[PDB]
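J.: Sharing work-v2.cif, mmCIF, C-alpha atoms; chains and numbers go by the auth columns:
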data_model
loop_
_atom_site.group_PDB
_atom_site.id
_atom_site.type_symbol
_atom_site.label_atom_id
_atom_site.label_comp_id
_atom_site.label_asym_id
_atom_site.label_seq_id
_atom_site.Cartn_x
_atom_site.Cartn_y
_atom_site.Cartn_z
_atom_site.B_iso_or_equiv
_atom_site.auth_seq_id
_atom_site.auth_asym_id
ATOM 1 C CA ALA A 1 -9.773 31.249 4.085 0.00 1 A
ATOM 2 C CA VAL A 2 -9.368 27.625 5.044 0.00 2 A
ATOM 3 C CA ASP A 3 -6.678 27.294 2.396 0.00 3 A
ATOM 4 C CA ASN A 4 -4.666 30.347 3.294 0.00 4 A
ATOM 5 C CA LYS A 5 -1.035 30.092 4.402 0.00 5 A
ATOM 6 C CA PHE A 6 -1.870 30.204 8.119 0.00 6 A
ATOM 7 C CA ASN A 7 -4.354 27.361 7.933 0.00 7 A
ATOM 8 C CA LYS A 8 -2.422 25.217 5.485 0.00 8 A
ATOM 9 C CA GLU A 9 0.687 25.530 7.654 0.00 9 A
ATOM 10 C CA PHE A 10 -1.327 24.538 10.744 0.00 10 A
ATOM 11 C CA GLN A 11 -2.875 21.470 9.087 0.00 11 A
ATOM 12 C CA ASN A 12 0.420 20.461 7.501 0.00 12 A
ATOM 13 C CA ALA A 13 2.272 20.768 10.819 0.00 13 A
ATOM 14 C CA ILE A 14 -0.255 18.501 12.559 0.00 14 A
ATOM 15 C CA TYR A 15 -0.006 15.910 9.790 0.00 15 A
ATOM 16 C CA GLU A 16 3.764 16.000 9.349 0.00 16 A
ATOM 17 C CA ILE A 17 4.568 16.039 13.059 0.00 17 A
ATOM 18 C CA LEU A 18 2.333 12.996 13.470 0.00 18 A
ATOM 19 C CA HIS A 19 4.553 11.231 10.861 0.00 19 A
ATOM 20 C CA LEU A 20 8.014 12.042 12.273 0.00 20 A
ATOM 21 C CA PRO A 21 9.293 8.643 13.431 0.00 21 A
ATOM 22 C CA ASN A 22 12.133 9.786 15.723 0.00 22 A
ATOM 23 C CA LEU A 23 10.106 11.894 18.128 0.00 23 A
ATOM 24 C CA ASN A 24 9.394 10.228 21.441 0.00 24 A
ATOM 25 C CA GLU A 25 5.861 10.195 22.843 0.00 25 A
ATOM 26 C CA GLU A 26 6.299 13.146 25.176 0.00 26 A
ATOM 27 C CA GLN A 27 7.974 15.304 22.516 0.00 27 A
ATOM 28 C CA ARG A 28 5.302 14.562 19.971 0.00 28 A
ATOM 29 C CA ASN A 29 2.567 15.466 22.470 0.00 29 A
ATOM 30 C CA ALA A 30 4.370 18.698 23.371 0.00 30 A
ATOM 31 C CA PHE A 31 4.505 19.754 19.717 0.00 31 A
ATOM 32 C CA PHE A 32 0.766 19.005 19.270 0.00 32 A
ATOM 33 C CA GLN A 33 -0.058 21.018 22.375 0.00 33 A
ATOM 34 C CA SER A 34 2.071 23.902 21.194 0.00 34 A
ATOM 35 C CA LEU A 35 0.242 23.869 17.836 0.00 35 A
ATOM 36 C CA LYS A 36 -3.141 23.968 19.580 0.00 36 A
ATOM 37 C CA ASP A 37 -2.053 26.730 21.963 0.00 37 A
ATOM 38 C CA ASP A 38 -0.686 28.964 19.174 0.00 38 A
ATOM 39 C CA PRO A 39 -1.482 27.915 15.603 0.00 39 A
ATOM 40 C CA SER A 40 0.406 30.970 14.278 0.00 40 A
ATOM 41 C CA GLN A 41 3.623 29.152 15.211 0.00 41 A
ATOM 42 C CA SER A 42 2.921 26.081 13.067 0.00 42 A
ATOM 43 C CA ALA A 43 5.637 26.446 10.471 0.00 43 A
ATOM 44 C CA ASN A 44 8.222 27.213 13.119 0.00 44 A
ATOM 45 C CA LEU A 45 7.113 24.271 15.243 0.00 45 A
ATOM 46 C CA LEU A 46 7.283 21.895 12.281 0.00 46 A
ATOM 47 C CA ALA A 47 10.754 23.104 11.428 0.00 47 A
ATOM 48 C CA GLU A 48 11.862 22.541 15.037 0.00 48 A
ATOM 49 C CA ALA A 49 10.310 19.081 15.092 0.00 49 A
ATOM 50 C CA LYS A 50 11.958 18.032 11.831 0.00 50 A
ATOM 51 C CA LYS A 51 15.377 19.042 13.120 0.00 51 A
ATOM 52 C CA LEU A 52 14.842 17.160 16.363 0.00 52 A
ATOM 53 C CA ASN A 53 13.651 14.117 14.442 0.00 53 A
ATOM 54 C CA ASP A 54 16.867 14.044 12.496 0.00 54 A
ATOM 55 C CA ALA A 55 18.954 14.563 15.654 0.00 55 A
ATOM 56 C CA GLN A 56 17.280 11.539 17.249 0.00 56 A
ATOM 57 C CA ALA A 57 17.687 9.150 14.277 0.00 57 A
ATOM 58 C CA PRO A 58 19.051 5.742 15.333 0.00 58 A
ATOM 59 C CA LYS A 59 22.831 5.637 15.024 0.00 59 A
ATOM 60 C CA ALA B 1 1.271 18.595 31.645 0.00 1 B
ATOM 61 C CA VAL B 2 1.284 18.231 27.846 0.00 2 B
ATOM 62 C CA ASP B 3 2.039 14.475 28.008 0.00 3 B
ATOM 63 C CA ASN B 4 -1.540 13.646 28.940 0.00 4 B
ATOM 64 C CA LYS B 5 -4.420 11.360 28.037 0.00 5 B
ATOM 65 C CA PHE B 6 -5.741 13.740 25.397 0.00 6 B
ATOM 66 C CA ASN B 7 -2.507 14.133 23.390 0.00 7 B
ATOM 67 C CA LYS B 8 -1.666 10.448 23.879 0.00 8 B
ATOM 68 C CA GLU B 9 -5.073 9.325 22.561 0.00 9 B
ATOM 69 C CA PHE B 10 -4.726 11.624 19.554 0.00 10 B
ATOM 70 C CA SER B 11 -1.172 10.386 18.902 0.00 11 B
ATOM 71 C CA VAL B 12 -2.104 6.696 19.131 0.00 12 B
ATOM 72 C CA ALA B 13 -5.156 6.935 16.894 0.00 13 B
ATOM 73 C CA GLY B 14 -3.495 9.256 14.471 0.00 14 B
ATOM 74 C CA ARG B 15 -0.485 6.989 14.089 0.00 15 B
ATOM 75 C CA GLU B 16 -2.771 4.039 13.431 0.00 16 B
ATOM 76 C CA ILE B 17 -4.429 6.017 10.611 0.00 17 B
ATOM 77 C CA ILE B 18 -1.269 7.168 8.944 0.00 18 B
ATOM 78 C CA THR B 19 0.407 3.750 9.092 0.00 19 B
ATOM 79 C CA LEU B 20 -2.366 2.158 6.953 0.00 20 B
ATOM 80 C CA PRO B 21 -0.292 1.658 3.813 0.00 21 B
ATOM 81 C CA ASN B 22 -2.953 1.762 1.115 0.00 22 B
ATOM 82 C CA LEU B 23 -4.549 5.094 1.975 0.00 23 B
ATOM 83 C CA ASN B 24 -3.688 8.119 -0.099 0.00 24 B
ATOM 84 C CA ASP B 25 -2.370 11.280 1.549 0.00 25 B
ATOM 85 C CA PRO B 26 -5.612 13.265 1.230 0.00 26 B
ATOM 86 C CA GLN B 27 -7.582 10.472 2.956 0.00 27 B
ATOM 87 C CA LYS B 28 -5.090 10.260 5.828 0.00 28 B
ATOM 88 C CA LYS B 29 -4.955 14.071 6.212 0.00 29 B
ATOM 89 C CA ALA B 30 -8.735 14.345 6.249 0.00 30 B
ATOM 90 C CA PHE B 31 -9.066 11.591 8.884 0.00 31 B
ATOM 91 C CA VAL B 32 -6.368 13.173 11.031 0.00 32 B
ATOM 92 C CA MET B 33 -8.006 16.611 10.872 0.00 33 B
ATOM 93 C CA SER B 34 -11.381 15.127 11.794 0.00 34 B
ATOM 94 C CA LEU B 35 -9.766 13.390 14.749 0.00 35 B
ATOM 95 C CA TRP B 36 -8.049 16.604 15.857 0.00 36 B
ATOM 96 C CA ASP B 37 -11.392 18.423 15.836 0.00 37 B
ATOM 97 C CA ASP B 38 -13.543 15.652 17.377 0.00 38 B
ATOM 98 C CA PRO B 39 -11.967 13.009 19.559 0.00 39 B
ATOM 99 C CA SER B 40 -15.375 11.316 20.009 0.00 40 B
ATOM 100 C CA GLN B 41 -15.006 10.104 16.416 0.00 41 B
ATOM 101 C CA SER B 42 -11.770 8.133 16.996 0.00 42 B
ATOM 102 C CA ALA B 43 -13.237 4.618 16.788 0.00 43 B
ATOM 103 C CA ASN B 44 -15.461 5.593 13.860 0.00 44 B
ATOM 104 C CA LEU B 45 -12.566 7.111 11.938 0.00 45 B
ATOM 105 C CA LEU B 46 -10.234 4.181 12.581 0.00 46 B
ATOM 106 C CA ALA B 47 -12.875 1.743 11.339 0.00 47 B
ATOM 107 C CA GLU B 48 -13.596 3.766 8.193 0.00 48 B
ATOM 108 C CA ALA B 49 -9.877 4.143 7.517 0.00 49 B
ATOM 109 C CA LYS B 50 -9.270 0.404 7.841 0.00 50 B
ATOM 110 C CA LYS B 51 -12.147 -0.411 5.470 0.00 51 B
ATOM 111 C CA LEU B 52 -10.746 1.962 2.846 0.00 52 B
ATOM 112 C CA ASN B 53 -7.240 0.669 3.369 0.00 53 B
ATOM 113 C CA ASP B 54 -8.371 -2.907 2.702 0.00 54 B
ATOM 114 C CA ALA B 55 -10.358 -1.839 -0.367 0.00 55 B
ATOM 115 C CA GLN B 56 -7.307 -0.081 -1.850 0.00 56 B
ATOM 116 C CA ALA B 57 -4.903 -3.012 -1.384 0.00 57 B
ATOM 117 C CA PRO B 58 -2.411 -3.716 -4.166 0.00 58 B
ATOM 118 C CA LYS B 59 -3.728 -5.971 -6.891 0.00 59 B
#
Represent the supplied structure as structure tokens.
T.:
Amino acid sequence: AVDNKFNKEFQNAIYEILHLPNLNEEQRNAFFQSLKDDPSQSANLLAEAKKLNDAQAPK
Amino acid sequence: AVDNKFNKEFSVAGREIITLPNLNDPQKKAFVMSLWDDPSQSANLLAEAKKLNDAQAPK
């Protein structure tokens, strides 16, 4: 099921992590590698990335 | 090392796709997933994306 929760969360994490503007290059690459290594962790990885993005907003 | 040529090349091409302002979200998602699955397609996908972006410019 290409549209089940697992797969939608994986695709969405790739797409949304690619968008997050306040990740640096190394951090972004680490998230992508983590997604590839364990797609079951996609929603958790996205949540982690979004928090980090907000922590690293210009101030 | 996760901060490598593979993740960098994906990140650079993917960011070029998603920063094209006139694409819709489904087009950008589909291009990004194709890139994820087949890096050999990067130049092809970037060129298709740019052609669609120009065609969908505001009127």
J.: Translate the PyMOL selection byres ((chain A and resi 31) around 9) into a concrete residue list for this structure, as a list in words.
T.: residues 14, 17, 26, 27, 28, 29, 30, 32, 33, 34, 35, 36, 45, 46 and 49 of chain A; 2 of chain B
J.: Starting from the displayed file, determine the output of the PyMOL selection byres ((chain B) within 9 of (chain A)) and express the residue list as a PyMOL selection string.
T.: chain B and resi 1-4+6-8+10-11+14-15+18-19+28-29+32-33+36
J.: Let me see the file: selected residues, C-alpha atoms, as an mmCIF file, in the frame of the given file.
T.:
data_model
loop_
_atom_site.group_PDB
_atom_site.id
_atom_site.type_symbol
_atom_site.label_atom_id
_atom_site.label_comp_id
_atom_site.auth_asym_id
_atom_site.auth_seq_id
_atom_site.Cartn_x
_atom_site.Cartn_y
_atom_site.Cartn_z
ATOM 1 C CA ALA B 1 1.271 18.595 31.645
ATOM 2 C CA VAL B 2 1.284 18.231 27.846
ATOM 3 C CA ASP B 3 2.039 14.475 28.008
ATOM 4 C CA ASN B 4 -1.540 13.646 28.940
ATOM 5 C CA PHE B 6 -5.741 13.740 25.397
ATOM 6 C CA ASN B 7 -2.507 14.133 23.390
ATOM 7 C CA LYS B 8 -1.666 10.448 23.879
ATOM 8 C CA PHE B 10 -4.726 11.624 19.554
ATOM 9 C CA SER B 11 -1.172 10.386 18.902
ATOM 10 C CA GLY B 14 -3.495 9.256 14.471
ATOM 11 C CA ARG B 15 -0.485 6.989 14.089
ATOM 12 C CA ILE B 18 -1.269 7.168 8.944
ATOM 13 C CA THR B 19 0.407 3.750 9.092
ATOM 14 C CA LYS B 28 -5.090 10.260 5.828
ATOM 15 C CA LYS B 29 -4.955 14.071 6.212
ATOM 16 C CA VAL B 32 -6.368 13.173 11.031
ATOM 17 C CA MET B 33 -8.006 16.611 10.872
ATOM 18 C CA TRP B 36 -8.049 16.604 15.857
#
J.: Using all atoms listed in the file, which residue out of B:31, B:5, B:59, B:25 lies closest to residue 46 (chain B)?
T.: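 Between B:31, B:5, B:59, B:25, the residue approaching residue 46 (chain B) most closely is B:31.
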J.: Counting only C-alpha atoms, note down every residue that has an atom within 12 Å of the point (-9.6, 2.1, -1.4) (file coordinates), as a list in words.
T.: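 Selection result: residues 20, 21, 22, 23, 24, 27, 28, 48, 49, 50, 51, 52, 53, 54, 55, 56, 57, 58 and 59 of chain B.
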J.: For CA of residue 39 (chain A) and CA of residue 10 (chain A), quote the distance in Å rounded to one decimal.
T.: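 Separation between CA of residue 39 (chain A) and CA of residue 10 (chain A): 5.9 Å.
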